[PDB]
Amino acid sequence: XXXXXXXXXXXXXXXXXXXXXXXXXXXXXXXXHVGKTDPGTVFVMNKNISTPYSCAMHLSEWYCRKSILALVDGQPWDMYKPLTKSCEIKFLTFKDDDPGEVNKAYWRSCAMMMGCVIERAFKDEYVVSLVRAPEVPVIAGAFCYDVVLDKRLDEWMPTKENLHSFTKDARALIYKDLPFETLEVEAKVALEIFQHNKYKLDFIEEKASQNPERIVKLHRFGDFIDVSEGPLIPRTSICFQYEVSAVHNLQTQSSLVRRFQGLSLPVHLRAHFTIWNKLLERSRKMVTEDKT
Amino acid sequence: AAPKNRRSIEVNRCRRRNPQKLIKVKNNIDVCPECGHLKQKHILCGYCXXXXXXXXXXXXXXXXXXXX
Amino acid sequence: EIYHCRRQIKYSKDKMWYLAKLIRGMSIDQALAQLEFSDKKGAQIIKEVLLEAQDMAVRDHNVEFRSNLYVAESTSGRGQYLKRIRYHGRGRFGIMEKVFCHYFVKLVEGXXXXXXXXXXXXXXXXXXXXXXXX
Amino acid sequence: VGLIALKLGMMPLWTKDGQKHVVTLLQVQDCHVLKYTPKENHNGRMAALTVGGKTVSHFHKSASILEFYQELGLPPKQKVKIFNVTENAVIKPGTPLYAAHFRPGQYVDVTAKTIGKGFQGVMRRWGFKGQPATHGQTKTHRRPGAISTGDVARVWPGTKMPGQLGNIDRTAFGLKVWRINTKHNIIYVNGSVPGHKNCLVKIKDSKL
Amino acid sequence: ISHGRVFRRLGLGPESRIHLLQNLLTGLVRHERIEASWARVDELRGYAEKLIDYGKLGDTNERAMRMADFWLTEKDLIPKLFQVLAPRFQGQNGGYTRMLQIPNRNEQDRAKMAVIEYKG
RNA sequence: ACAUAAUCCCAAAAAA
Ligand SMILES: [Zn+2]
């Protein structure tokens, strides 16, 4: 499973390098960024596939480190979202009155993150087998990560120490400080990469083919790749803590589905350890609910 | 009283640096909820308030001059 | 590298050195905020020096990203001394020396990296085993 | 045999004999046994006595503290103290307790924090006489005066000099208990107690 | 010793302290908001609440009248205090004399600055 | 039988 993951990561890196090469082949472009977040700001630079986060860096280190999301021409985008021609750049943060976008992005980042973690733990033991299902976001403050496993994992029970170890590895990758990557790829090469995952194949085939856009955004964290229609968390330093609350088993059309669920911590801030235990209980209860 | 001998450099440095801890640096910096300017924690902004306080002082002086 | 200097300004060197060591190794932003909200006579001056250093960095060196600038080195020298007469009792005059401080600031591009972390167990187990083999 | 208490106040009492007795009141808010630590060389085992205010939980934040309260199943507590138990037969596992544990007529020792006087002169500490306030005495009035002798250069260690006084642990001995109230959790103790009211105190079995 | 003692000193004598309180309260009731040192402000709060309560007692009552005449000598402050400022606080109890902090400091003594203001 | 902490220079030992 290590050779297949290394070959898939090498094929994804070659496809990302080829797409990036063919898209950035012309390095002559005009990027004008003008808008008022704080009072007015006017800047003009020449680059292709320009990053608004680099403009945040251009302003100062403070607004840079406090940058979470980027509102462009009224449309909310990730800070890694490339800009072209004239654009109006606004900096959206958690403390702002509109938590929704950064919240959704946060939950989708947490789902992805564990998408990597579980896989890495499953790369520790060759006995286990993992197949990723689609993820279900919940605006109630929940996120559900769906997956299916080998029969051996169906026979063997998920002891508490296990999930604790998953949490430890999650925090490990959290303080490892690994930057997220944003790739623009065709549905074809993507289909080829996701061939080993049936649910993702069905996802792309059914949903993405109906969509007029053949350009899909692949978010890469470590050796893990995920499909996202929306913004991602800026860095690994943004997420202070993570926890694994509980799992569920659903039976549909004579098929079994294993759904893992947990919670996340915004703006690197926790009130106390008591309210943390309370957050554990709340987490598990929200897992028992399984909102849809 | 009077000093017995001249102070060495080492003693002077160790005395003037370590125990005083120079100037301890905490974080007083917070972003203003209104204008987004950087100001001190647990304190009113120095941008969107001082101008409104000067405008309120000019309005109070104009009202006190119009009432008299 | 971007250098900036201020001479023939009258302030206590020992007092200015307090805010001089304060911004040493620190990034431009944090140093700016600090010097802004730091309370002393050197705060304003070193703030001016830093601001001018940033202006020179942007205009002269044409730096692409301002976030890639940090403070690599800061130092305070002593200039000439102005001798004044302090009148004391019983017909005696003491000498009041008015000092001067020459502030020097050296900036280098790139991200700031400073590690003061040192593992005690690793350093001990290494230095002891290397000293016992020498 | 002993428990941790909280200083309430003082008040006179009238015995049927007609003799006046000045006593102090020690209130018991809450008591719980937390940890039991057995020992060998000391020939005695330690127990944990705890009096909580339950309010301090949020404004006092620590990993070990909160994890201790949570893992032990103990409610939020303000003050955690230890007690040395010599007798191994009377030792019990973690249990909540009441102020009925004390009986009238029993002499007890009271360990509390002495009133802090802050920085104090040579007077009020060692109770020196000082110098005269008259007869040509200049600025020597509250001064300690001479210290050492010409023979020995350095001053002897432990020499009495002005400094910080109070805010330290002290144990008063030979304090008789006239009576106890179980329902109101009040202890009547004849004697004086160290520190101001509302300060944490300790009631223990005396030695007679 | 400072044990259990309100009523601070601030380097002023008793008469100087009382007069300071009267002046700061004069400016406070006149301008409805003032700027002073944090200590003087925090000390001024209670006395302000007291004068307000005295205004809440009664207009016709002699106790309140002579109290108000004692603290405030100015003839301009009293009617504006009783007729205007008092009736709006009628429902409030501890709801007057709010204290806030000022961002910067003086260029001389760097004294911490604070502002006191009544609820509009 | 003299007046700050002991042994007449450490610790001990034994009687070429
Ligand atoms: Zn502001």
# chains A, B, ... in the order shown; residues from 1 in each chain; ligands from 1

$ residues_around --residues "range 1-12 of chain D" --least-positions-apart "2" --cutoff "7 Å" --atoms "only C-alpha atoms (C1' of nucleotides)" --output "list in words"
residues 14, 20, 21, 22, 23, 24, 25, 26, 27, 28, 49, 50, 51, 197, 198, 199, 200, 201, 202, 203, 204 and 205 of chain D

$ write_last_selection --atoms "N, CA and C atoms" --output "PDB file, in the first residue's frame"
ATOM      1  N   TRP D  14     -21.101  32.160  78.097  1.00  0.00           N
ATOM      2  CA  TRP D  14     -21.377  32.130  79.529  1.00  0.00           C
ATOM      3  C   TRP D  14     -21.705  30.724  80.022  1.00  0.00           C
ATOM      4  N   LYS D  20     -16.727  33.654  82.477  1.00  0.00           N
ATOM      5  CA  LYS D  20     -16.706  34.086  81.086  1.00  0.00           C
ATOM      6  C   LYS D  20     -15.595  33.385  80.310  1.00  0.00           C
ATOM      7  N   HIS D  21     -15.896  33.000  79.074  1.00  0.00           N
ATOM      8  CA  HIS D  21     -14.917  32.344  78.219  1.00  0.00           C
ATOM      9  C   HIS D  21     -14.932  32.932  76.813  1.00  0.00           C
ATOM     10  N   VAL D  22     -13.789  33.464  76.388  1.00  0.00           N
ATOM     11  CA  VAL D  22     -13.665  34.032  75.053  1.00  0.00           C
ATOM     12  C   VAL D  22     -13.302  32.944  74.053  1.00  0.00           C
ATOM     13  N   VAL D  23     -14.176  32.722  73.075  1.00  0.00           N
ATOM     14  CA  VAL D  23     -13.960  31.665  72.094  1.00  0.00           C
ATOM     15  C   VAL D  23     -14.031  32.190  70.666  1.00  0.00           C
ATOM     16  N   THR D  24     -13.506  31.399  69.738  1.00  0.00           N
ATOM     17  CA  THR D  24     -13.571  31.714  68.319  1.00  0.00           C
ATOM     18  C   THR D  24     -14.367  30.643  67.582  1.00  0.00           C
ATOM     19  N   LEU D  25     -14.964  31.030  66.460  1.00  0.00           N
ATOM     20  CA  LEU D  25     -15.794  30.124  65.681  1.00  0.00           C
ATOM     21  C   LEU D  25     -15.097  29.687  64.400  1.00  0.00           C
ATOM     22  N   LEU D  26     -15.063  28.379  64.168  1.00  0.00           N
ATOM     23  CA  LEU D  26     -14.478  27.847  62.947  1.00  0.00           C
ATOM     24  C   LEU D  26     -15.537  27.118  62.123  1.00  0.00           C
ATOM     25  N   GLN D  27     -15.873  27.693  60.974  1.00  0.00           N
ATOM     26  CA  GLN D  27     -16.920  27.159  60.112  1.00  0.00           C
ATOM     27  C   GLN D  27     -16.374  26.124  59.133  1.00  0.00           C
ATOM     28  N   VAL D  28     -17.149  25.070  58.908  1.00  0.00           N
ATOM     29  CA  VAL D  28     -16.789  24.035  57.949  1.00  0.00           C
ATOM     30  C   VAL D  28     -17.735  24.062  56.751  1.00  0.00           C
ATOM     31  N   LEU D  49      -7.366  16.260  52.927  1.00  0.00           N
ATOM     32  CA  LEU D  49      -8.549  16.981  53.382  1.00  0.00           C
ATOM     33  C   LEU D  49      -8.740  18.242  52.548  1.00  0.00           C
ATOM     34  N   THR D  50      -9.959  18.457  52.063  1.00  0.00           N
ATOM     35  CA  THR D  50     -10.204  19.516  51.092  1.00  0.00           C
ATOM     36  C   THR D  50     -11.461  20.337  51.381  1.00  0.00           C
ATOM     37  N   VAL D  51     -11.288  21.653  51.484  1.00  0.00           N
ATOM     38  CA  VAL D  51     -12.412  22.570  51.648  1.00  0.00           C
ATOM     39  C   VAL D  51     -12.552  23.482  50.432  1.00  0.00           C
ATOM     40  N   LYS D 197     -10.367  36.839  59.760  1.00  0.00           N
ATOM     41  CA  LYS D 197     -11.546  36.038  59.455  1.00  0.00           C
ATOM     42  C   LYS D 197     -11.589  35.699  57.967  1.00  0.00           C
ATOM     43  N   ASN D 198     -12.233  34.575  57.647  1.00  0.00           N
ATOM     44  CA  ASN D 198     -12.365  34.050  56.282  1.00  0.00           C
ATOM     45  C   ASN D 198     -11.070  33.444  55.740  1.00  0.00           C
ATOM     46  N   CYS D 199      -9.999  33.520  56.525  1.00  0.00           N
ATOM     47  CA  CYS D 199      -8.748  32.860  56.162  1.00  0.00           C
ATOM     48  C   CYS D 199      -8.803  31.384  56.543  1.00  0.00           C
ATOM     49  N   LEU D 200      -8.160  30.544  55.738  1.00  0.00           N
ATOM     50  CA  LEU D 200      -8.181  29.102  55.957  1.00  0.00           C
ATOM     51  C   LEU D 200      -7.433  28.709  57.227  1.00  0.00           C
ATOM     52  N   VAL D 201      -8.053  27.859  58.041  1.00  0.00           N
ATOM     53  CA  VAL D 201      -7.406  27.356  59.247  1.00  0.00           C
ATOM     54  C   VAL D 201      -7.426  25.830  59.286  1.00  0.00           C
ATOM     55  N   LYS D 202      -6.782  25.260  60.300  1.00  0.00           N
ATOM     56  CA  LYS D 202      -6.679  23.812  60.437  1.00  0.00           C
ATOM     57  C   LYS D 202      -6.878  23.374  61.883  1.00  0.00           C
ATOM     58  N   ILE D 203      -7.832  22.476  62.105  1.00  0.00           N
ATOM     59  CA  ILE D 203      -8.075  21.930  63.436  1.00  0.00           C
ATOM     60  C   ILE D 203      -7.504  20.521  63.542  1.00  0.00           C
ATOM     61  N   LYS D 204      -6.609  20.309  64.502  1.00  0.00           N
ATOM     62  CA  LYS D 204      -5.978  19.001  64.669  1.00  0.00           C
ATOM     63  C   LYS D 204      -6.010  18.538  66.120  1.00  0.00           C
ATOM     64  N   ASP D 205      -5.741  17.253  66.332  1.00  0.00           N
ATOM     65  CA  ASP D 205      -5.681  16.697  67.678  1.00  0.00           C
ATOM     66  C   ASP D 205      -4.418  17.168  68.391  1.00  0.00           C
TER      67      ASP D 205
END

$ select_by_dssp --residues "range 19-52 of chain D" --states "strand (DSSP E or B)" --output "VMD selection string"
chain D and resid 20 to 27 32 to 37 45 to 51

$ residues_near_ligand --ligand "ligand 1" --cutoff "9 Å" --atoms "only C-alpha atoms (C1' of nucleotides) and all ligand atoms" --output "list in words"
residues 31, 32, 33, 34, 35, 36, 37, 38, 39, 44, 45, 46, 47, 48 and 49 of chain B

$ write_last_selection --atoms "N, CA, C and O atoms" --output "PDB file, in the first residue's frame"
ATOM      1  N   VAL B  31      -6.723  44.392  17.608  1.00  0.00           N
ATOM      2  CA  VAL B  31      -7.321  45.090  16.476  1.00  0.00           C
ATOM      3  C   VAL B  31      -8.641  45.748  16.868  1.00  0.00           C
ATOM      4  O   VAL B  31      -9.503  45.114  17.477  1.00  0.00           O
ATOM      5  N   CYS B  32      -8.792  47.022  16.520  1.00  0.00           N
ATOM      6  CA  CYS B  32     -10.022  47.756  16.798  1.00  0.00           C
ATOM      7  C   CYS B  32     -11.193  47.160  16.025  1.00  0.00           C
ATOM      8  O   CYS B  32     -11.089  46.912  14.825  1.00  0.00           O
ATOM      9  N   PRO B  33     -12.318  46.923  16.717  1.00  0.00           N
ATOM     10  CA  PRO B  33     -13.512  46.336  16.099  1.00  0.00           C
ATOM     11  C   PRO B  33     -14.177  47.263  15.083  1.00  0.00           C
ATOM     12  O   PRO B  33     -14.982  46.802  14.274  1.00  0.00           O
ATOM     13  N   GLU B  34     -13.844  48.550  15.126  1.00  0.00           N
ATOM     14  CA  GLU B  34     -14.475  49.527  14.246  1.00  0.00           C
ATOM     15  C   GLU B  34     -13.639  49.829  13.004  1.00  0.00           C
ATOM     16  O   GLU B  34     -13.991  49.419  11.897  1.00  0.00           O
ATOM     17  N   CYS B  35     -12.535  50.548  13.189  1.00  0.00           N
ATOM     18  CA  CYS B  35     -11.713  50.981  12.063  1.00  0.00           C
ATOM     19  C   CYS B  35     -10.641  49.958  11.693  1.00  0.00           C
ATOM     20  O   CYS B  35      -9.996  50.076  10.650  1.00  0.00           O
ATOM     21  N   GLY B  36     -10.452  48.958  12.546  1.00  0.00           N
ATOM     22  CA  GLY B  36      -9.492  47.903  12.278  1.00  0.00           C
ATOM     23  C   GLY B  36      -8.054  48.294  12.564  1.00  0.00           C
ATOM     24  O   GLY B  36      -7.125  47.574  12.200  1.00  0.00           O
ATOM     25  N   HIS B  37      -7.869  49.438  13.216  1.00  0.00           N
ATOM     26  CA  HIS B  37      -6.532  49.915  13.551  1.00  0.00           C
ATOM     27  C   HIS B  37      -5.980  49.179  14.767  1.00  0.00           C
ATOM     28  O   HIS B  37      -6.737  48.707  15.615  1.00  0.00           O
ATOM     29  N   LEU B  38      -4.656  49.084  14.849  1.00  0.00           N
ATOM     30  CA  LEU B  38      -4.005  48.399  15.959  1.00  0.00           C
ATOM     31  C   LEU B  38      -3.920  49.295  17.190  1.00  0.00           C
ATOM     32  O   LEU B  38      -3.325  50.373  17.142  1.00  0.00           O
ATOM     33  N   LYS B  39      -4.511  48.844  18.292  1.00  0.00           N
ATOM     34  CA  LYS B  39      -4.499  49.612  19.534  1.00  0.00           C
ATOM     35  C   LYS B  39      -4.233  48.727  20.749  1.00  0.00           C
ATOM     36  O   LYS B  39      -4.000  47.526  20.616  1.00  0.00           O
ATOM     37  N   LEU B  44      -9.922  51.878  24.848  1.00  0.00           N
ATOM     38  CA  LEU B  44     -10.616  52.448  23.699  1.00  0.00           C
ATOM     39  C   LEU B  44      -9.619  52.804  22.597  1.00  0.00           C
ATOM     40  O   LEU B  44      -8.453  53.078  22.876  1.00  0.00           O
ATOM     41  N   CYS B  45     -10.080  52.799  21.352  1.00  0.00           N
ATOM     42  CA  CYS B  45      -9.213  53.080  20.210  1.00  0.00           C
ATOM     43  C   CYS B  45      -8.725  54.525  20.228  1.00  0.00           C
ATOM     44  O   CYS B  45      -9.318  55.372  20.882  1.00  0.00           O
ATOM     45  N   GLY B  46      -7.631  54.799  19.526  1.00  0.00           N
ATOM     46  CA  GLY B  46      -7.075  56.140  19.470  1.00  0.00           C
ATOM     47  C   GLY B  46      -7.295  56.810  18.129  1.00  0.00           C
ATOM     48  O   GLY B  46      -6.652  57.809  17.809  1.00  0.00           O
ATOM     49  N   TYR B  47      -8.203  56.248  17.337  1.00  0.00           N
ATOM     50  CA  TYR B  47      -8.472  56.749  15.994  1.00  0.00           C
ATOM     51  C   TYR B  47      -9.919  57.211  15.858  1.00  0.00           C
ATOM     52  O   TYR B  47     -10.186  58.387  15.615  1.00  0.00           O
ATOM     53  N   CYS B  48     -10.847  56.274  16.013  1.00  0.00           N
ATOM     54  CA  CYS B  48     -12.264  56.548  15.802  1.00  0.00           C
ATOM     55  C   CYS B  48     -12.926  57.161  17.032  1.00  0.00           C
ATOM     56  O   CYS B  48     -14.135  57.398  17.040  1.00  0.00           O
ATOM     57  N   UNK B  49     -12.138  57.414  18.073  1.00  0.00           N
ATOM     58  CA  UNK B  49     -12.686  57.954  19.306  1.00  0.00           C
ATOM     59  C   UNK B  49     -12.198  59.351  19.606  1.00  0.00           C
ATOM     60  O   UNK B  49     -13.005  60.179  20.070  1.00  0.00           O
TER      61      UNK B  49
END

$ interface_residues --of "chain C" --to "chain E" --cutoff "12 Å" --atoms "only C-alpha atoms" --output "MDAnalysis selection string"
chainID C and resid 36:41 44

$ closest_residue --among "C:130, C:16, C:72, C:34" --to "chain B" --atoms "only C-alpha atoms"
C:34

$ residues_around --residues "residue 88 in chain A" --least-positions-apart "6" --cutoff "6 Å" --atoms "only C-alpha atoms (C1' of nucleotides)" --output "VMD selection string"
chain A and resid 33 to 35 72 to 73

$ interface_residues --of "chain A" --to "chain C" --cutoff "7 Å" --atoms "only C-alpha atoms" --output "MDAnalysis selection string"
chainID A and resid 57:62

$ write_last_selection --atoms "N, CA, C and O atoms" --output "mmCIF file, in the first residue's frame"
data_model
loop_
_atom_site.group_PDB
_atom_site.id
_atom_site.type_symbol
_atom_site.label_atom_id
_atom_site.label_comp_id
_atom_site.auth_asym_id
_atom_site.auth_seq_id
_atom_site.Cartn_x
_atom_site.Cartn_y
_atom_site.Cartn_z
ATOM 1 N N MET A 57 0.720 39.680 2.760
ATOM 2 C CA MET A 57 2.119 39.761 3.155
ATOM 3 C C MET A 57 2.719 41.090 2.712
ATOM 4 O O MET A 57 3.610 41.631 3.366
ATOM 5 N N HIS A 58 2.219 41.610 1.597
ATOM 6 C CA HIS A 58 2.692 42.879 1.060
ATOM 7 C C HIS A 58 2.276 44.040 1.957
ATOM 8 O O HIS A 58 3.008 45.020 2.097
ATOM 9 N N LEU A 59 1.098 43.927 2.563
ATOM 10 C CA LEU A 59 0.611 44.959 3.474
ATOM 11 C C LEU A 59 1.410 44.988 4.771
ATOM 12 O O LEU A 59 1.956 46.027 5.149
ATOM 13 N N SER A 60 1.494 43.835 5.431
ATOM 14 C CA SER A 60 2.174 43.702 6.718
ATOM 15 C C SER A 60 2.158 42.252 7.187
ATOM 16 O O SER A 60 1.490 41.407 6.594
ATOM 17 N N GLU A 61 2.897 41.969 8.255
ATOM 18 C CA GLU A 61 2.951 40.624 8.819
ATOM 19 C C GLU A 61 1.729 40.329 9.683
ATOM 20 O O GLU A 61 1.340 39.173 9.858
ATOM 21 N N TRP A 62 1.116 41.389 10.202
ATOM 22 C CA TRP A 62 -0.001 41.253 11.128
ATOM 23 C C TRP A 62 -1.250 40.792 10.389
ATOM 24 O O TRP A 62 -1.783 39.720 10.671
#

$ residues_around --residues "residue 31 in chain C" --least-positions-apart "4" --cutoff "10 Å" --atoms "only C-alpha atoms (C1' of nucleotides)" --output "number ranges by chain"
C: 19, 22-27, 35-38, 46-47, 50, 70-71

$ write_last_selection --atoms "C-alpha atoms" --output "PDB file, in the first residue's frame"
ATOM      1  CA  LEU C  19      14.536  49.360  23.785  1.00  0.00           C
ATOM      2  CA  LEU C  22      13.969  44.818  22.753  1.00  0.00           C
ATOM      3  CA  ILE C  23      13.530  44.886  18.973  1.00  0.00           C
ATOM      4  CA  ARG C  24      16.691  42.907  18.211  1.00  0.00           C
ATOM      5  CA  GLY C  25      15.840  39.647  16.461  1.00  0.00           C
ATOM      6  CA  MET C  26      12.178  40.642  16.387  1.00  0.00           C
ATOM      7  CA  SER C  27      10.207  41.111  13.170  1.00  0.00           C
ATOM      8  CA  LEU C  35       8.009  50.625  20.131  1.00  0.00           C
ATOM      9  CA  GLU C  36       4.600  52.230  19.602  1.00  0.00           C
ATOM     10  CA  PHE C  37       3.167  51.041  22.915  1.00  0.00           C
ATOM     11  CA  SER C  38       6.485  50.902  24.782  1.00  0.00           C
ATOM     12  CA  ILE C  46      13.648  54.228  17.683  1.00  0.00           C
ATOM     13  CA  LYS C  47      10.140  54.194  16.192  1.00  0.00           C
ATOM     14  CA  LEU C  50      12.479  52.014  12.240  1.00  0.00           C
ATOM     15  CA  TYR C  70      12.918  41.734   9.882  1.00  0.00           C
ATOM     16  CA  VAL C  71      15.383  43.371  12.267  1.00  0.00           C
TER      17      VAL C  71
END

$ residues_around --residues "range 69-72 of chain E" --least-positions-apart "3" --cutoff "7 Å" --atoms "only C-alpha atoms (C1' of nucleotides)" --output "compact mmCIF listing (two decimals) with N, CA, C and O atoms, in the first residue's frame"
# COMPACT_ATOMS: atom_id res chain seq x y z
N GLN E 22 -14.80 68.00 44.92
CA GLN E 22 -15.83 68.98 44.59
C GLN E 22 -15.61 69.58 43.21
O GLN E 22 -16.57 69.83 42.47
N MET E 65 -31.33 69.24 50.26
CA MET E 65 -31.06 70.61 49.81
C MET E 65 -29.74 71.13 50.35
O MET E 65 -28.87 71.55 49.59
N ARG E 66 -29.58 71.11 51.67
CA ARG E 66 -28.37 71.60 52.31
C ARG E 66 -27.17 70.70 52.02
O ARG E 66 -26.03 71.18 52.02

$ residues_around --residues "range 64-78 of chain D" --least-positions-apart "2" --cutoff "8 Å" --atoms "only C-alpha atoms (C1' of nucleotides)" --output "ChimeraX atom specification"
/A:273-274 /D:34,50-57,61-62,80

$ write_last_selection --atoms "N, CA, C and O atoms" --output "compact mmCIF listing (two decimals), in the first residue's frame"
# COMPACT_ATOMS: atom_id res chain seq x y z
N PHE A 273 -10.43 23.42 30.65
CA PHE A 273 -10.42 21.97 30.53
C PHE A 273 -11.78 21.39 30.91
O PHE A 273 -12.17 20.32 30.42
N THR A 274 -12.50 22.09 31.78
CA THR A 274 -13.84 21.68 32.18
C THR A 274 -14.80 21.77 30.99
O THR A 274 -15.51 20.81 30.66
N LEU D 34 -9.52 12.87 49.37
CA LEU D 34 -9.13 12.77 47.97
C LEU D 34 -8.18 11.60 47.72
O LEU D 34 -8.56 10.59 47.14
N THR D 50 -9.96 18.46 52.06
CA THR D 50 -10.20 19.52 51.09
C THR D 50 -11.46 20.34 51.38
O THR D 50 -12.56 19.79 51.51
N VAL D 51 -11.29 21.65 51.48
CA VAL D 51 -12.41 22.57 51.65
C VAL D 51 -12.55 23.48 50.43
O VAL D 51 -11.71 24.36 50.20
N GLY D 52 -13.60 23.26 49.65
CA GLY D 52 -13.83 24.05 48.45
C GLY D 52 -14.79 25.22 48.57
O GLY D 52 -15.69 25.22 49.42
N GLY D 53 -14.59 26.23 47.72
CA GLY D 53 -15.54 27.31 47.56
C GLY D 53 -16.32 27.17 46.27
O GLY D 53 -17.33 27.85 46.07
N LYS D 54 -15.82 26.30 45.39
CA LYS D 54 -16.46 25.92 44.12
C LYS D 54 -16.52 27.05 43.08
O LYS D 54 -16.78 26.80 41.90
N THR D 55 -16.27 28.28 43.51
CA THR D 55 -16.31 29.43 42.62
C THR D 55 -15.02 29.58 41.82
O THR D 55 -15.02 30.03 40.67
N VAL D 56 -13.91 29.18 42.44
CA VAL D 56 -12.57 29.43 41.91
C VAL D 56 -12.23 28.58 40.68
O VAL D 56 -11.20 28.80 40.04
N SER D 57 -13.09 27.63 40.37
CA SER D 57 -12.85 26.68 39.29
C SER D 57 -12.51 27.34 37.95
O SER D 57 -11.59 26.91 37.25
N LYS D 61 -6.97 28.14 36.55
CA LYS D 61 -6.82 27.17 35.47
C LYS D 61 -5.45 26.49 35.48
O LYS D 61 -4.41 27.15 35.41
N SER D 62 -5.48 25.17 35.59
CA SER D 62 -4.27 24.36 35.48
C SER D 62 -4.64 22.97 34.99
O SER D 62 -5.76 22.50 35.22
N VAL D 80 -7.05 22.72 48.86
CA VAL D 80 -6.69 21.32 49.05
C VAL D 80 -5.48 21.20 49.97
O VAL D 80 -4.42 21.77 49.71

$ residues_around --residues "range 254-260 of chain A" --least-positions-apart "6" --cutoff "9 Å" --atoms "only C-alpha atoms (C1' of nucleotides)" --output "list in words"
residues 133, 144, 145, 146, 147, 148, 149, 244, 245, 246, 247, 248 and 287 of chain A

$ write_last_selection --atoms "N, CA, C and O atoms" --output "compact mmCIF listing (two decimals), in the first residue's frame"
# COMPACT_ATOMS: atom_id res chain seq x y z
N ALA A 133 -15.42 7.42 1.58
CA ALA A 133 -16.73 7.81 1.08
C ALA A 133 -16.83 9.34 1.04
O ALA A 133 -15.90 10.02 1.47
N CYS A 144 -19.40 15.21 9.35
CA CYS A 144 -19.42 13.75 9.36
C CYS A 144 -18.50 13.18 8.28
O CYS A 144 -18.66 13.48 7.09
N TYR A 145 -17.55 12.36 8.70
CA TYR A 145 -16.59 11.76 7.79
C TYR A 145 -16.95 10.30 7.52
O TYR A 145 -16.82 9.45 8.39
N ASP A 146 -17.39 10.02 6.29
CA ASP A 146 -17.87 8.68 5.95
C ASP A 146 -16.80 7.84 5.27
O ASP A 146 -16.09 8.32 4.39
N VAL A 147 -16.70 6.58 5.69
CA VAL A 147 -15.74 5.63 5.12
C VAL A 147 -16.22 4.19 5.23
O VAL A 147 -17.14 3.89 6.00
N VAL A 148 -15.61 3.30 4.46
CA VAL A 148 -15.86 1.87 4.60
C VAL A 148 -14.54 1.12 4.77
O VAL A 148 -13.49 1.55 4.28
N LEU A 149 -14.61 -0.01 5.46
CA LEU A 149 -13.42 -0.73 5.91
C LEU A 149 -13.47 -2.21 5.54
O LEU A 149 -14.51 -2.74 5.14
N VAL A 244 -11.26 13.01 18.46
CA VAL A 244 -12.10 11.99 17.84
C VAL A 244 -13.19 11.59 18.81
O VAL A 244 -12.93 10.94 19.83
N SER A 245 -14.43 11.97 18.51
CA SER A 245 -15.54 11.72 19.42
C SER A 245 -16.10 10.31 19.25
O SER A 245 -15.92 9.47 20.13
N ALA A 246 -16.77 10.04 18.13
CA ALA A 246 -17.40 8.72 18.01
C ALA A 246 -17.65 8.26 16.58
O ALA A 246 -17.37 8.98 15.62
N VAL A 247 -18.19 7.05 16.45
CA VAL A 247 -18.44 6.43 15.15
C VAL A 247 -19.88 5.92 15.06
O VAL A 247 -20.57 5.78 16.07
N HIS A 248 -20.33 5.64 13.84
CA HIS A 248 -21.66 5.07 13.61
C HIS A 248 -21.64 4.06 12.46
O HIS A 248 -20.74 4.08 11.62
N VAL A 287 -22.73 13.46 17.68
CA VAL A 287 -22.46 12.28 16.86
C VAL A 287 -23.66 11.34 16.91
O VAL A 287 -24.05 10.75 15.90

$ closest_residue --among "D:207, D:179, D:45, D:113" --to "residue 195 in chain D" --atoms "only C-alpha atoms"
D:113

$ select_by_dssp --residues "chain E" --states "helix (DSSP H, G or I)" --output "PyMOL selection string"
chain E and resi 14-31+38-57+62-71+77-88

$ atom_distance --atom1 "CA of residue 82 in chain D" --atom2 "CA of residue 189 in chain D"
21.6 Å

$ atom_distance --atom1 "CA of residue 117 in chain A" --atom2 "CA of residue 201 in chain A"
21.4 Å

$ atom_distance --atom1 "CA of residue 101 in chain D" --atom2 "CA of residue 86 in chain D"
17.4 Å

$ interface_residues --of "chain D" --to "chain E" --cutoff "10 Å" --atoms "only C-alpha atoms" --output "PyMOL selection string"
chain D and resi 116-118

$ write_last_selection --atoms "C-alpha atoms" --output "mmCIF file, in the first residue's frame"
data_model
loop_
_atom_site.group_PDB
_atom_site.id
_atom_site.type_symbol
_atom_site.label_atom_id
_atom_site.label_comp_id
_atom_site.auth_asym_id
_atom_site.auth_seq_id
_atom_site.Cartn_x
_atom_site.Cartn_y
_atom_site.Cartn_z
ATOM 1 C CA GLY D 116 0.889 39.818 57.563
ATOM 2 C CA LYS D 117 2.366 43.036 58.925
ATOM 3 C CA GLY D 118 4.221 43.699 55.682
#
